[PDB]
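Next comes just one chain, in structure tokens: the form deposited in one PDB entry.
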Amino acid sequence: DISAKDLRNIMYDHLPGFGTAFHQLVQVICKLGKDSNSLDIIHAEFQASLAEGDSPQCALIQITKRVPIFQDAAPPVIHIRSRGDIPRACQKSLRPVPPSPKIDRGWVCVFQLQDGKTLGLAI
């Protein structure tokens, strides 16, 4: 029974950079994993993908496609004031939101500004 905090840190060890789209995906994966009691499943699958020679980025994408809750839960909406509140690297990946985005279709989260505007964070 690994904690979401510890799994996050293990995944972060493999992903250089700060405030990236893939760091945001780790957060989404760990929260949703925690809330669906599937952190251990996710961790085992992450370790197994690295052992087959997958990049950590590929391993995480494979988790969003295989682990049940990621086709049960939509990309989380994150409420922020203005666009500058989005991490710098994440901003490089912002797109208009499709009607109803899926996590396994390359959408990490949706940022919603105070003015109501929504922005889809692509992987």
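Numbers for residues come from their place in the sequence shown, where the first is 1.
What comes next is about the form deposited with a small molecule bound, which is not displayed.
Contact residue in the bound PDB entry, chosen from 80, 51, 44, 58 - any heavy atom within 4.5 Å of the small molecule: Among 80, 51, 44, 58, a heavy atom within 4.5 Å of the small molecule in the bound PDB entry occurs only for 80.
Taking the small molecule as it sits in the bound PDB entry, is residue 107 near enough to touch it, meaning that at least one heavy atom pair lies within 4.5 angstroms? Contact with the small molecule, no.
Could you confirm whether residue 22 comes within 4.5 Å of the small molecule in the bound PDB entry, counting heavy atoms only? Contact check for residue 22: no, nothing within 4.5 Å of the small molecule in the bound PDB entry.
Is there any non-hydrogen atom of residue 2 lying within 4.5 Å of the small molecule in the bound PDB entry? Answer no; every heavy atom of residue 2 is more than 4.5 Å from the small molecule in the bound PDB entry.
May I ask you to state whether residue 38 is within 4.5 Å of the small molecule in the bound PDB entry, using heavy atom distances? Result no; residue 38 lies far from the small molecule in the bound PDB entry.
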